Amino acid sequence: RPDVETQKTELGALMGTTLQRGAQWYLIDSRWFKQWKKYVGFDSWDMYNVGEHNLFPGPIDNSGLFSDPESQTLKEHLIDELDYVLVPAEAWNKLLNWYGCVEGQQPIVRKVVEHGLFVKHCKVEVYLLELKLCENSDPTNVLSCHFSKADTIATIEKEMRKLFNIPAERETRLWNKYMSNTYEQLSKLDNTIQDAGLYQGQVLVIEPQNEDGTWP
């Protein structure tokens, strides 16, 4: 880990990284990151470095972002710039090389996706859609799976063929079980998961065409 002046410079060179679709960004609790800035005097370019030595932040600690310490599920309702900051891969690597991280904490990496109801703009997708997937012929075998809001219904079917070994030449119908025994067919495989209005923990069942031609 080089001295604070050098850490300010190397990370300052990354100040202007733009969001590009598909790029990976990392979350850092802003408690840790704000302390780091005070330590290196990041928000101040004077002849003499202004960092505060006793604010040495130690290992990167994201435990504040976690609902559970064991599982490191992200808390819900975190606000960018308030609860955490987003750093490009290059900056994350520098900070991690320099400080290490709290034992057990996996890096919080997320991808840039393009979205918008009107104007399109990029953002880092911090919360993915969690779905429960199962196969018509064995409704008890249920798998949790996470999808991007920008992924399509096609993405989902494809994933389900993979998880349940449904031949790609076979015919399928995808059903949203949105109530006890009430189902809607997902047939517009072209559109995004948002366009479909699926909720977190939503149950989807895929139904393969029987080998004879019939339909369960």
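The first residue of the shown sequence is 1; numbering continues from there.
- In this crystal structure, the stretch out of 144-152 and 178-186 whose C-alpha atoms carry the higher mean B factor is 178-186.
- Legend: mean Cα B-factor per stretch from the PDB entry, 69-77 versus 123-131; the higher mean is in 69-77.
- Out of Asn62, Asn165, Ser44, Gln35, it is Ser44 whose C-alpha atom has the highest B-factor in the PDB entry.
- Residue-level temperature factors show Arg31 in the lowest third of its chain, judged at the C-alpha atom.
- Looking at the C-alpha B-factors along this chain, the one for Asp83 belongs to the lowest third.
- Ranked by Cα temperature factor within the chain, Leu204 sits in the middle third according to the deposited record.
- Among the modelled residues of the chain, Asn97 sits in the lowest third by CA temperature factor in this PDB entry.
- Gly22 sits in the lowest third of its chain by CA B factor, as recorded in the PDB entry.
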